[PDB]
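Asker: Have a look at this one.
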Amino acid sequence: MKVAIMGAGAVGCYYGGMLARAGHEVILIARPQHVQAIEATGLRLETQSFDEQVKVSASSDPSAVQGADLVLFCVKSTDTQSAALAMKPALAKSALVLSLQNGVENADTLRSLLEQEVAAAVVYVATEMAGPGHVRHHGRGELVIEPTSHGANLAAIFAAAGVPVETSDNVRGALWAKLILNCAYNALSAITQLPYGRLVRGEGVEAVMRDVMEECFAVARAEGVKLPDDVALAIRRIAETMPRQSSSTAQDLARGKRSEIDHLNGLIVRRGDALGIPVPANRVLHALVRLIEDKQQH
Amino acid sequence: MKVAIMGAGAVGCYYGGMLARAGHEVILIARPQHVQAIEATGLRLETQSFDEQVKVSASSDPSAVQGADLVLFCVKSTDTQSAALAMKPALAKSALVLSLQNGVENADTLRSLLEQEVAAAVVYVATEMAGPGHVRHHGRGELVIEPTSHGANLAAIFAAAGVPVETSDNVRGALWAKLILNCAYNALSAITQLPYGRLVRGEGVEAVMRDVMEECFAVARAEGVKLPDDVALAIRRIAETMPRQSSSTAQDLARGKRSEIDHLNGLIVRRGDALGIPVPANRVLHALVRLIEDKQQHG
Ligand SMILES: NC(=O)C1=CN([C@@H]2O[C@H](COP(=O)(O)OP(=O)(O)OC[C@H]3O[C@@H](n4cnc5c(N)ncnc54)[C@H](OP(=O)(O)O)[C@@H]3O)[C@@H](O)[C@H]2O)C=CC1
Ligand SMILES: NC(=O)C1=CN([C@@H]2O[C@H](COP(=O)(O)OP(=O)(O)OC[C@H]3O[C@@H](n4cnc5c(N)ncnc54)[C@H](OP(=O)(O)O)[C@@H]3O)[C@@H](O)[C@H]2O)C=CC1
């Protein structure tokens, strides 16, 4: 089983590197910075358990997906279309593309562009690029995938490599739950450059999160999404279990990078407007992140 | 007539400075930073028409309001109560207290604490403290005041000093119009540190402003306020007449000072909540300015 990782960043390197450690044939399609370090001394895979250098192929040409039976597509939502179109010509016709991304539109976007079988996955992991060719795993690293033609074979192969997997007939719901969590925290954290535990103690913040969340639940209902039963409590409890954590969006803005805000609060805005559902709290958070992003850019 | 300016900052020094320049006995209750500058070289009153050093009395003791017939109360809303109680025992009983402030609760707050006649005023000016003891008037400088027992005599005295004044039976609506304008621009400008003309080009910003304003207009209606007829259009046009202007709230956050946000979007939140009217856009803007302020103070 040949595996290609399109967009070998924090997520791609962990899952890709774990499969390489298990003995599969894996090639990471990464940026020159990382390709140069992977070809020099291999992929440094630093886990909460072990720390190793892993011999994997790496390339910056999206055609290196050639011959892969399974492509883990791990770019950010903002790059879904460009990355998919870059790899489309070389992609095997029988290849299974897994979307290891956050957001609710990636699988649909991929299927609109590609004839190959696509399956959405929900990624539960904490990872970062510690430097060139270096991935650092802070915690978790499991997956929930839609049903694929590979069946239980796909989950058996991941478990055998050190990444547990569960097939679900409601990946839509899991992806939306994660989206609403991100709508509640990411923009607030990014705009103020404060961690979740500091954030929730500001005056009015619990009531802002209520407003944001009720807007999202209204959109999820209109969209026929079945969310977990205690989703609101689970969201509120994140400030307690990750008190010193700042959001990915916060880290993007601190570093002058473009965030995924168009696929977080922006999605709720676009969707709410299309459905006649007021989304004012979500709209202020989206507009504010984009204004800050645009100042940094110009 | 004897006049005291309580909270001689940008507004207090301009209006007080014109009166002192016109021959009135004016005393400025300012912070020490300024008091030492005035006691040294006098108040510098720079307009786009002239530049002058004006001999005025200044002090930091709020008891200096003693024996004033007219008190111009020009502190930020955050300080109305503390400043009002500071000057309360010293204040002449027949003194007229004019609130030259922004917000819609100052005159009521003052009347709750003081027995003296209080009149709300709407301040139309652009003024800054260019440095210690130095007031820079950028434009306008007229007042619209509620009716007073002093009647037309009050407006005739101000006009004589180069300060145009009108009396209105709807200062309420004028104060609310200014509030809604500030609810639309101040927090956005402060959170992002961008001027009005840059802000309004952002993706989704016109729609945020619509949302903020509609919440404000809903609260204003439930409160029985009569606003000017084209208030929405006048607010949107500010982005084109002051394209390079950042808000007073932006300048406060840039300098690590506490803003008046509890009396801008915070008033709308508190009132909307009390009236059962959703105020989500305003609530986000208020919470965020407060979070940023709190970080700059402790952490
Ligand atoms: N990081 C985490 O712990 C979590 C992440 N997620 C989600 O998983 C997804 C990926 O996240 P993450 O790994 O952190 O993001 P990263 O940016 O770290 O990884 C993606 C990488 O793909 C690269 N890339 C984009 N286009 C191309 C291209 N055409 N050719 C080659 N490389 C390309 C990017 O380059 P460049 O650097 O220039 O953009 C980047 O290095 C996101 O949707 C994210 O929200 C979900 C759960 C956990
Ligand atoms: N500036 C402008 O162009 C205009 C302002 N306004 C409104 O008018 C009001 C006044 O604003 P502005 O003049 O700009 O604000 P300023 O901060 O410049 O002026 C207030 C001054 O009073 C001082 N003060 C506060 N408490 C006391 C006290 N206990 N004893 C002595 N001094 C005290 C303040 O000290 P400290 O510096 O420590 O806070 C400050 O120096 C506001 O409500 C504002 O929104 C309306 C239209 C235009």
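Here, A, B, ... name the chains of the structure tokens in the order displayed, residue numbers run from 1 inside each chain, and ligands are numbered from 1 in the same displayed order.
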Which chains and residue numbers are within 8 Å of ligand 1, counting only C-alpha atoms and all ligand atoms, if I want them as a CSV table (one decimal) with C-alpha atoms, in the first residue's frame?
Answerer:
```
chain,number,residue,atom,x,y,z
A,6,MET,CA,-0.6,16.1,0.1
A,7,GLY,CA,0.4,19.1,2.2
A,8,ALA,CA,3.0,17.7,4.6
A,9,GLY,CA,2.7,20.1,7.5
A,10,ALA,CA,1.8,19.6,11.2
A,11,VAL,CA,-1.0,17.0,10.5
A,12,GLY,CA,0.6,15.4,7.4
A,13,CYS,CA,3.9,14.7,8.9
A,29,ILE,CA,4.5,16.4,-0.6
A,30,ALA,CA,5.8,19.4,1.4
A,31,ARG,CA,7.2,22.9,1.1
A,60,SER,CA,7.5,19.6,-3.6
A,61,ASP,CA,6.1,18.5,-6.9
A,62,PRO,CA,2.4,17.6,-6.5
A,74,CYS,CA,-3.9,17.6,5.0
A,75,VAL,CA,-3.7,21.2,3.7
A,76,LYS,CA,-5.6,24.0,5.3
A,77,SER,CA,-9.2,24.7,4.1
A,79,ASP,CA,-5.8,25.6,0.0
A,80,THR,CA,-8.2,22.7,-0.7
A,82,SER,CA,-5.4,24.8,-5.4
A,83,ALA,CA,-3.7,21.7,-3.8
A,84,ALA,CA,-6.4,19.3,-5.3
A,86,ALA,CA,-2.2,20.6,-8.5
A,87,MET,CA,-2.3,16.8,-7.8
A,100,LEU,CA,-7.7,15.2,7.2
A,101,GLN,CA,-8.8,18.7,7.7
A,102,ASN,CA,-11.1,20.9,9.7
A,103,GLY,CA,-14.1,22.5,8.2
A,122,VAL,CA,-12.3,14.2,11.7
A,123,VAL,CA,-8.7,14.8,13.0
A,124,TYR,CA,-8.2,14.7,16.8
A,125,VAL,CA,-4.6,15.7,17.4
A,126,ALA,CA,-2.3,18.5,18.6
A,127,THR,CA,0.8,18.9,16.4
A,128,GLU,CA,3.2,21.7,15.1
A,129,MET,CA,6.1,22.2,12.9
A,137,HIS,CA,3.2,15.9,18.7
A,248,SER,CA,-4.5,28.3,15.8
A,260,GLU,CA,-8.8,29.7,8.1
```
Asker: Using DSSP on the backbone coordinates, identify all residues within segment 14-162 of chain A classified as strand (DSSP E); present the result as a ChimeraX atom specification.
Answerer: /A:25-29,43-46,51-54,57-59,70-73,96-100,117-131,134-145
Asker: Using only C-alpha atoms and all ligand atoms, what are the residues with an atom within 6 Å of ligand 2, set out as a ChimeraX atom specification?
Answerer: /B:7-12,29-31,60,62,74-77,79,83,100-102,123-128
Asker: Kindly save the residues from that selection, with N, CA and C atoms included, as an mmCIF file, in the first residue's frame.
Answerer:
```
data_model
loop_
_atom_site.group_PDB
_atom_site.id
_atom_site.type_symbol
_atom_site.label_atom_id
_atom_site.label_comp_id
_atom_site.auth_asym_id
_atom_site.auth_seq_id
_atom_site.Cartn_x
_atom_site.Cartn_y
_atom_site.Cartn_z
ATOM 1 N N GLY B 7 -12.395 68.965 35.290
ATOM 2 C CA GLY B 7 -11.842 67.987 34.376
ATOM 3 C C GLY B 7 -11.340 68.707 33.145
ATOM 4 N N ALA B 8 -10.430 69.647 33.352
ATOM 5 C CA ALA B 8 -9.856 70.428 32.258
ATOM 6 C C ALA B 8 -8.909 69.598 31.388
ATOM 7 N N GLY B 9 -9.504 68.865 30.461
ATOM 8 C CA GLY B 9 -8.791 68.114 29.438
ATOM 9 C C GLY B 9 -9.034 68.844 28.119
ATOM 10 N N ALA B 10 -9.221 68.097 27.034
ATOM 11 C CA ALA B 10 -9.429 68.657 25.686
ATOM 12 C C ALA B 10 -10.628 69.632 25.518
ATOM 13 N N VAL B 11 -11.821 69.181 25.931
ATOM 14 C CA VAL B 11 -13.066 69.970 25.873
ATOM 15 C C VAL B 11 -13.012 71.097 26.934
ATOM 16 N N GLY B 12 -12.725 70.729 28.179
ATOM 17 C CA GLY B 12 -12.634 71.695 29.274
ATOM 18 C C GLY B 12 -11.705 72.865 29.014
ATOM 19 N N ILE B 29 -9.823 72.817 36.930
ATOM 20 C CA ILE B 29 -9.464 71.715 37.833
ATOM 21 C C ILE B 29 -8.924 70.642 36.884
ATOM 22 N N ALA B 30 -7.596 70.602 36.758
ATOM 23 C CA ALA B 30 -6.911 69.661 35.865
ATOM 24 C C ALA B 30 -5.999 68.730 36.658
ATOM 25 N N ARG B 31 -5.420 67.747 35.969
ATOM 26 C CA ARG B 31 -4.448 66.847 36.580
ATOM 27 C C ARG B 31 -3.158 67.631 36.777
ATOM 28 N N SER B 60 -5.565 71.268 41.168
ATOM 29 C CA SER B 60 -5.918 69.835 41.174
ATOM 30 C C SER B 60 -6.868 69.508 42.327
ATOM 31 N N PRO B 62 -10.344 69.614 43.731
ATOM 32 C CA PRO B 62 -11.698 69.810 43.171
ATOM 33 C C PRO B 62 -12.554 70.785 44.001
ATOM 34 N N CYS B 74 -16.568 68.405 32.414
ATOM 35 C CA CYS B 74 -16.040 67.878 31.163
ATOM 36 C C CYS B 74 -15.174 66.661 31.331
ATOM 37 N N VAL B 75 -15.446 65.829 32.327
ATOM 38 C CA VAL B 75 -14.668 64.611 32.529
ATOM 39 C C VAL B 75 -15.263 63.552 31.620
ATOM 40 N N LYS B 76 -14.515 62.484 31.386
ATOM 41 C CA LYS B 76 -15.048 61.344 30.651
ATOM 42 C C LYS B 76 -16.127 60.697 31.540
ATOM 43 N N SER B 77 -17.078 59.999 30.925
ATOM 44 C CA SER B 77 -18.197 59.364 31.633
ATOM 45 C C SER B 77 -17.804 58.430 32.743
ATOM 46 N N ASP B 79 -15.605 58.792 34.866
ATOM 47 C CA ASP B 79 -15.317 59.603 36.054
ATOM 48 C C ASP B 79 -16.431 60.551 36.543
ATOM 49 N N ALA B 83 -15.765 62.389 40.156
ATOM 50 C CA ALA B 83 -15.559 63.836 40.020
ATOM 51 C C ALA B 83 -16.708 64.642 40.631
ATOM 52 N N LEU B 100 -20.734 68.794 29.650
ATOM 53 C CA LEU B 100 -20.177 68.840 28.297
ATOM 54 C C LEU B 100 -19.481 67.511 28.184
ATOM 55 N N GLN B 101 -20.268 66.488 27.919
ATOM 56 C CA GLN B 101 -19.772 65.130 27.822
ATOM 57 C C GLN B 101 -20.585 64.361 26.769
ATOM 58 N N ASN B 102 -20.050 63.202 26.418
ATOM 59 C CA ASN B 102 -20.686 62.259 25.543
ATOM 60 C C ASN B 102 -21.214 61.160 26.431
ATOM 61 N N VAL B 123 -21.679 68.459 22.722
ATOM 62 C CA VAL B 123 -20.445 69.105 22.343
ATOM 63 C C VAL B 123 -20.079 68.732 20.908
ATOM 64 N N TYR B 124 -19.992 69.745 20.044
ATOM 65 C CA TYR B 124 -19.577 69.563 18.654
ATOM 66 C C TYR B 124 -18.228 70.241 18.497
ATOM 67 N N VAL B 125 -17.158 69.457 18.625
ATOM 68 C CA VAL B 125 -15.804 69.985 18.513
ATOM 69 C C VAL B 125 -14.811 68.862 18.213
ATOM 70 N N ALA B 126 -13.622 69.251 17.780
ATOM 71 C CA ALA B 126 -12.493 68.340 17.623
ATOM 72 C C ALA B 126 -11.371 69.062 18.395
ATOM 73 N N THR B 127 -10.921 68.442 19.490
ATOM 74 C CA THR B 127 -9.878 69.005 20.349
ATOM 75 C C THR B 127 -9.033 67.901 20.956
ATOM 76 N N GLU B 128 -7.748 68.190 21.136
ATOM 77 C CA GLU B 128 -6.818 67.228 21.708
ATOM 78 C C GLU B 128 -5.910 67.979 22.643
#
```
Asker: So that I can see what lies close to residue 273 of chain B, please list as an mmCIF file with N, CA and C atoms, in the first residue's frame the residues with an atom at most 12 Å from it, counting only C-alpha atoms and leaving out residues fewer than 3 positions away in the same chain.
Answerer:
```cif
data_model
loop_
_atom_site.group_PDB
_atom_site.id
_atom_site.type_symbol
_atom_site.label_atom_id
_atom_site.label_comp_id
_atom_site.auth_asym_id
_atom_site.auth_seq_id
_atom_site.Cartn_x
_atom_site.Cartn_y
_atom_site.Cartn_z
ATOM 1 N N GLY A 204 -18.616 39.917 29.962
ATOM 2 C CA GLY A 204 -19.431 39.748 28.792
ATOM 3 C C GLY A 204 -19.091 38.589 27.902
ATOM 4 N N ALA A 207 -21.476 35.484 27.674
ATOM 5 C CA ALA A 207 -22.683 35.881 26.930
ATOM 6 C C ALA A 207 -22.374 36.052 25.442
ATOM 7 N N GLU B 215 -29.400 47.363 16.102
ATOM 8 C CA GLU B 215 -29.550 47.101 17.522
ATOM 9 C C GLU B 215 -29.727 48.435 18.281
ATOM 10 N N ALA B 218 -33.145 49.936 17.573
ATOM 11 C CA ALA B 218 -34.169 49.195 18.304
ATOM 12 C C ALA B 218 -34.207 49.642 19.771
ATOM 13 N N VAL B 219 -33.053 49.763 20.390
ATOM 14 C CA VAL B 219 -32.996 50.229 21.783
ATOM 15 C C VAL B 219 -33.502 51.677 21.882
ATOM 16 N N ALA B 222 -37.324 51.777 21.724
ATOM 17 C CA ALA B 222 -37.961 51.304 22.941
ATOM 18 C C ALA B 222 -37.815 52.337 24.095
ATOM 19 N N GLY B 266 -21.350 49.404 25.545
ATOM 20 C CA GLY B 266 -21.800 48.885 26.854
ATOM 21 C C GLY B 266 -23.148 49.374 27.357
ATOM 22 N N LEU B 267 -23.488 50.609 27.034
ATOM 23 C CA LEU B 267 -24.792 51.169 27.355
ATOM 24 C C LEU B 267 -25.856 50.450 26.547
ATOM 25 N N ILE B 268 -25.565 50.208 25.272
ATOM 26 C CA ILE B 268 -26.520 49.527 24.381
ATOM 27 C C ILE B 268 -26.762 48.103 24.882
ATOM 28 N N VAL B 269 -25.697 47.422 25.324
ATOM 29 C CA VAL B 269 -25.799 46.048 25.840
ATOM 30 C C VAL B 269 -26.652 45.975 27.079
ATOM 31 N N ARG B 270 -26.321 46.835 28.011
ATOM 32 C CA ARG B 270 -26.990 46.867 29.298
ATOM 33 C C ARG B 270 -28.482 47.251 29.110
ATOM 34 N N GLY B 276 -35.078 43.330 26.798
ATOM 35 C CA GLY B 276 -35.360 42.153 26.009
ATOM 36 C C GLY B 276 -35.045 42.257 24.539
ATOM 37 N N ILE B 277 -34.110 43.135 24.173
ATOM 38 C CA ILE B 277 -33.748 43.371 22.769
ATOM 39 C C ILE B 277 -32.367 42.795 22.514
ATOM 40 N N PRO B 278 -32.220 41.879 21.519
ATOM 41 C CA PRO B 278 -30.892 41.329 21.300
ATOM 42 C C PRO B 278 -29.871 42.389 20.890
ATOM 43 N N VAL B 279 -28.668 42.308 21.463
ATOM 44 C CA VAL B 279 -27.591 43.236 21.185
ATOM 45 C C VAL B 279 -26.252 42.508 20.919
ATOM 46 N N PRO B 280 -26.257 41.438 20.106
ATOM 47 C CA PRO B 280 -25.054 40.631 19.918
ATOM 48 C C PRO B 280 -23.825 41.290 19.282
ATOM 49 N N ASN B 282 -23.035 44.580 19.266
ATOM 50 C CA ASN B 282 -22.594 45.498 20.312
ATOM 51 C C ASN B 282 -21.932 44.775 21.452
ATOM 52 N N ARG B 283 -22.477 43.633 21.825
ATOM 53 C CA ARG B 283 -21.905 42.857 22.925
ATOM 54 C C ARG B 283 -20.509 42.341 22.637
#
```
Asker: Between B:193, B:259, B:241, B:251, single out the one closest to chain A, counting only C-alpha atoms.
Answerer: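 Of all the options, B:193 lies closest to chain A.
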Asker: Quick one: everything within 6 Å of residue 142 of chain B, counting only C-alpha atoms, minus sequence neighbours fewer than 3 positions away in the same chain. Send it as a PyMOL selection string.
Answerer: chain B and resi 124+163-165
Asker: With N, CA, C and O atoms retained, could you export that selection as an mmCIF file, in the first residue's frame?
Answerer:
```cif
data_model
loop_
_atom_site.group_PDB
_atom_site.id
_atom_site.type_symbol
_atom_site.label_atom_id
_atom_site.label_comp_id
_atom_site.auth_asym_id
_atom_site.auth_seq_id
_atom_site.Cartn_x
_atom_site.Cartn_y
_atom_site.Cartn_z
ATOM 1 N N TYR B 124 -19.992 69.745 20.044
ATOM 2 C CA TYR B 124 -19.577 69.563 18.654
ATOM 3 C C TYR B 124 -18.228 70.241 18.497
ATOM 4 O O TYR B 124 -18.157 71.454 18.307
ATOM 5 N N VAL B 163 -18.137 81.122 20.922
ATOM 6 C CA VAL B 163 -18.696 79.755 21.061
ATOM 7 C C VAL B 163 -20.205 79.792 20.726
ATOM 8 O O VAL B 163 -21.009 80.245 21.542
ATOM 9 N N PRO B 164 -20.584 79.353 19.504
ATOM 10 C CA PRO B 164 -22.004 79.343 19.112
ATOM 11 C C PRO B 164 -22.845 78.372 19.956
ATOM 12 O O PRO B 164 -22.420 77.241 20.181
ATOM 13 N N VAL B 165 -24.013 78.824 20.417
ATOM 14 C CA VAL B 165 -24.907 78.003 21.244
ATOM 15 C C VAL B 165 -26.364 78.147 20.810
ATOM 16 O O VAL B 165 -26.820 79.244 20.446
#
```
Asker: Measure the distance from atom CA of residue 155 of chain B to atom CA of residue 27 of chain B in Å and round it to one decimal.
Answerer: 20.1 Å
Asker: Identify every residue of chain B that has at least one atom within 7 Å of any atom of chain A, counting only C-alpha atoms, and report the result as a PDB file with C-alpha atoms, in the first residue's frame.
Answerer:
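For reference, selection.pdb as written:
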```pdb
ATOM      1  CA  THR B 192      -7.929  46.954  14.783  1.00  0.00           C
ATOM      2  CA  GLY B 202     -13.000  45.547   5.122  1.00  0.00           C
ATOM      3  CA  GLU B 203     -14.850  42.464   4.111  1.00  0.00           C
ATOM      4  CA  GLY B 204     -18.131  42.385   5.917  1.00  0.00           C
ATOM      5  CA  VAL B 205     -17.656  45.659   7.730  1.00  0.00           C
ATOM      6  CA  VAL B 208     -21.407  44.679  10.833  1.00  0.00           C
ATOM      7  CA  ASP B 211     -26.110  45.122  12.571  1.00  0.00           C
ATOM      8  CA  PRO B 280     -25.054  40.631  19.918  1.00  0.00           C
ATOM      9  CA  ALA B 281     -22.882  42.785  17.626  1.00  0.00           C
ATOM     10  CA  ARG B 283     -21.905  42.857  22.925  1.00  0.00           C
ATOM     11  CA  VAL B 284     -18.947  41.407  21.003  1.00  0.00           C
ATOM     12  CA  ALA B 287     -16.333  42.496  25.374  1.00  0.00           C
ATOM     13  CA  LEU B 291     -10.499  42.201  27.165  1.00  0.00           C
ATOM     14  CA  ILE B 292      -7.770  44.240  25.457  1.00  0.00           C
TER      15      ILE B 292
END
```
Asker: Using only C-alpha atoms, can you tell me which of B:239, B:47, B:18, B:59 comes closest to residue 32 of chain B?
Answerer: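 Checking each of B:239, B:47, B:18, B:59 against residue 32 of chain B, counting only C-alpha atoms, the winner is B:59.
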Asker: Please, what distance in Å, to one decimal, runs between atom CA of residue 134 of chain A and atom CA of residue 43 of chain A?
Answerer: 6.2 Å
